[PDB]
Amino acid sequence: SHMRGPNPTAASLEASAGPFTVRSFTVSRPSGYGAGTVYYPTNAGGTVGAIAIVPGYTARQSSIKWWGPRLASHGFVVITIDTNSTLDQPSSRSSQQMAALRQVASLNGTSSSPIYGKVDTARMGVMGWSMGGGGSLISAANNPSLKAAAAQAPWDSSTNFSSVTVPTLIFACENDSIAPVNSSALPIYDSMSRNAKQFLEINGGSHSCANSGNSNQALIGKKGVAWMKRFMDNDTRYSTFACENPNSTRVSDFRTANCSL
């Protein structure tokens, strides 16, 4: 267990920001990816786990930026990345996500870095949108020591993620016409037998339903923070929120397995 911050409430996890103070910086010399913003917290008590977030095809940090402060304010170091090319495919995106986690761990050891010793480099998570969500699931399949994964509107050329043992949360957008739920998100979710997993489908959601500026930041933010706290911190105070079937008009579908209360 790695418990930091007060006992959460649905209300405080729905809030725009958690208890901790967040400052950010642009990574100076990115190592094995295009660009990175690091978001961190100053007064967490101990060190916090790190999460690397990757956008979709043609997209940049903009699409996924809101997660940086939303997660960091609850006790994580979060790096949002631009890929080497906006036209990088999921396997390449996974490689770059893992290179960003690698560099976050190096900046942890770098006296000139604002996250100097602010990071616990044994507790790492992966997140991403679309092809970046596909990348996150590849990162989880290839690296089972990752503590948690969350993909929003994921897309990959293959829907078989049966090797994934990492607790995985899938955000789906009901009306997605880019990576439709019935051919992408759902099939990907159904492939995972060996892990804690969850599927939350956003009612009437387009492909961008979990991106910066979305109309469900309360519910989506609550779920992603609760999932990452539960599984990255092994913090059982978050079990109620991580596993709950939300009683919301904003949710069109909910599935979960191996998520014990």
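Rules and cut-offs
- Sequence order sets the numbers: each chain starts from 1, possibly unlike the entry numbering, and residues with no coordinates are not included.
- Computation of side-chain values covers all heavy atoms of the structure but excludes hydrogens and water.
- UniProt positions are given in the numbering used here, feature names are shortened, and annotations may be inferred rather than shown by experiment.
- Per the convention used, a helix needs a DSSP run of H or I reaching at least four residues, while a strand needs a run of E reaching at least two, with both numbered from the N terminus.
- Radius of gyration: C-alpha atoms only; globule rule: 2.2 Å multiplied by the number of residues to the exponent 0.38.
- Here the term buried applies to any residue with accessible area under 20% of the maximum for its type, exposed to any over 50%, and partly exposed to those in between, with areas from a 1.4 Å probe on protein chains only.
- Surface exposure here means Shrake-Rupley accessible area, sampled with a 1.4 Å probe, where a residue is shielded only by the protein chains that are shown.
- As used throughout, the charge tally considers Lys and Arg to be positive and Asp and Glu to be negative, leaving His and the chain termini uncounted.
- By convention, charge coordinates are those of NZ in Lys, CZ in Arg, CG in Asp, or CD in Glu.

Deposited coordinates in this entry are attributed by the record to X-ray crystallography, at a stated resolution of 1.72 Å.

As recorded by the PDB entry, the protein carries the name Poly(ethylene terephthalate) hydrolase and is attributed to Ideonella sakaiensis. If you open the UniProt record of the protein and go to Subunit, you find "Monomer."

Peer 1: Is there a simple way to explain the overall build of the protein in this structure?
Peer 2: Helices and strands together make up the secondary structure of the protein, namely seven helices and nine strands. Its C-alpha radius of gyration of 16 Å places the protein within 12% of the 18 Å reference for a compact globule of 261 residues. For the protein, the proportion of its 261 residues judged to be buried stands at 57%. Accessible area of the protein: about 9800 Å², with a carbon and sulfur share of 46%. A gap of 10 Å separates the mean positions of the 20 positive and 13 negative side-chain charges of the protein.

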